[PDB]
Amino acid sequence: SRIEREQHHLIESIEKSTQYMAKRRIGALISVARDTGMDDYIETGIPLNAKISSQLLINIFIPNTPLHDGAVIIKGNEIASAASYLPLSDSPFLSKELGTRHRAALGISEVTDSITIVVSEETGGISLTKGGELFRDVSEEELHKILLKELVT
C-alpha cells in the first residue's frame, strides 16, 4: 500500500507499546530491519508474519509466556518473528548495569544497519541502538525524533 503511512504506523506502534511496557517494567527488545537484511535472525525465532500493532507487540513481551524470551524482528510491514536470537556485543564499554537485552541490541547494531529499541525490566528506561552506539534512557520526545529520522524515508 502506501509506505509513508506504514512507516508512521510503525513508529506509533513502537511508541505506544514501549510506553505501555516501560510503565510496567516489562522487558522488551524490538529490532527493525533496514537496508541490510536480518533474515538469518528471523529464522531463529518463532514466525509470526503479522500485521504491526501496539497491541500485538505488548502481548508478545508479557513475562513468562511462549513468545517473550528474545527479540521481535520487524521486516517491511510485518512483525516477522518473536523470540529471536541476536548476537551479543562483546564490547567492554557497555555498562555492567545493563542486561542481556541491551547487549543483544548493541550486538545486532554492530553488524547491521537495524534500529533496535529496548525496554529495561530493571528501570523501565527505553534505549536505542544504531551502528554500534547506545542511546540510553531516552525521553518520549527523544525516542520520537530518532524514530522519525531513522524509520521514515
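When you see a residue number, it is the position in the sequence shown, counting from 1. What we label the rigid core is the largest C-alpha set whose atoms superpose within 1.5 Å from one form to the other.
Between 33 to 41 and 48 to 56, the larger root mean square Cα shift in 8 other deposited structures of this protein, once each structure is superposed on the rigid core, falls on 33 to 41. When the modelled residues of the chain are ordered by C-alpha B-factor, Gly107 sits in the middle third.
When the modelled residues of the chain are ordered by C-alpha B-factor, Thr18 sits in the middle third.
The deposited CA B-factor of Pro47 belongs to the lowest third of values across its chain. Sort the chain's modelled residues by C-alpha temperature factor and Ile117 lands in the lowest third, per the entry. Ranked against the other modelled residues of its chain, the C-alpha B-factor of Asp35 as given in the entry falls in the highest third.
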